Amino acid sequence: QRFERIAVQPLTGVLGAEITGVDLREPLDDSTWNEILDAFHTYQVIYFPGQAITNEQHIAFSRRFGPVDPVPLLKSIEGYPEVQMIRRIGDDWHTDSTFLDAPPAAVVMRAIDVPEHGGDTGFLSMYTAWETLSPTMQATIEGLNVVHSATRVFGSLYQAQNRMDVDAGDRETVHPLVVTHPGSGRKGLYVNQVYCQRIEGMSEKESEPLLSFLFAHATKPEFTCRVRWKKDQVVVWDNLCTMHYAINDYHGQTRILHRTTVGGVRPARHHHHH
C-alpha cells in the first residue's frame, strides 16, 4: 500500500517492517499516526531505528496504541511507573502474559544499552500459522478453547523443580484457540508452550498431540522474522497475533531495555459481529 508520511521497508514476505522518516521525540500528527497504525496492523512487528527518546516520550508514543497503566511493578523505573526495565518467558516461543484474562495488546520496547552483535529477537505471525492449516484442520479446532496458566513459570509446577505468588502462578484462564484481532479483524492462532496447559474440556494427554503439532507448525522458519537490536531502536509488537523468541547468544555482555505495555481486552472469537 501507499505511505506518504513514513518510509516502510518490510523485513520478510510474512511479517516485520522498518519504519523511518519520523521523530518519536515529537508529537505525531493524525495522518502520520494513521500510517504507523496501518503499518502495525499489516506488518505486526515494527521497528524504528535511531530514536533517542526519553521515558515520557516512550510513554506518550505507547499511549497512541491504547491505554498504558500506572503499574508500579517491582521493575518500574523510578519516576516513570509505566516503564519497566528489562535486564537479561524467554527462549521458548511465546507471547506475553497469556495467563491473564486480558493480556497486553502490544508491547513497546526500547534499546538502552545492547550488544553490537547478539541478542536478536525472533518474531512470527499467528495469522500465517492459522492460514496455512488445511480447511479440515481449521474446522476441527476453530471452536476449541485452551487453558492458560503460569504454573510452569512461577506456580506449583515451577516450585516442584528441586535441584510472584504461587496461587497467582496456578490461576487458570481460558482463551480461544483461534482469536479475531479487534483492530485488523483477522483470525490468528493463539496458543503457546509456555502458558498453555490443555484444551478446555480435554485431559492433558488428550491435548498434547494437538498442542504439540500447533507449536511445531507455527514456528516453521518461513513464518518467522528476526529483528536485530541497535542502541535507540524502538520496537512495537502485536501481543495477540505474534509470538516471539529471545535469543541468548551474547554471554557476558550487558543488555538493558525499557518496556511499556499497552492494555488489551479479553481475546475473543469476535468483538460483536461474526
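In this text, residue numbers run from 1 along the sequence as written.
- Missing coordinates between residue 88 and residue 89 amount to 4 to 9 residues of the deposited sequence.
- 211 to 219 and 244 to 252 differ in mean CA B-factor, and the higher of the two is recorded for 244 to 252.
- Annotation for 181 to 189 versus 96 to 104: the higher mean temperature factor (C-alpha) is found in 181 to 189.
- As recorded in the PDB entry, 157 shows the highest C-alpha B-factor of the residues 124, 139, 199, 157.
- The PDB entry gives the largest Cα B-factor of the residues 176, 135, 118, 79 to 118.
- Compared with the other modelled residues of the chain, the Cα B-factor recorded for residue 28 ranks in the highest third.
- For residue 56, the recorded CA B-factor ranks within the lowest third of the chain. Only modelled residues enter the ranking.
- Residue 149: CA B factor in the lowest third of modelled residues in this chain (values from the PDB entry).
- For residue 34, the recorded CA B-factor ranks within the highest third of the chain. Only modelled residues enter the ranking.
- In the deposited entry, the Cα temperature factor of residue 46 places it in the middle third of its chain's modelled residues.
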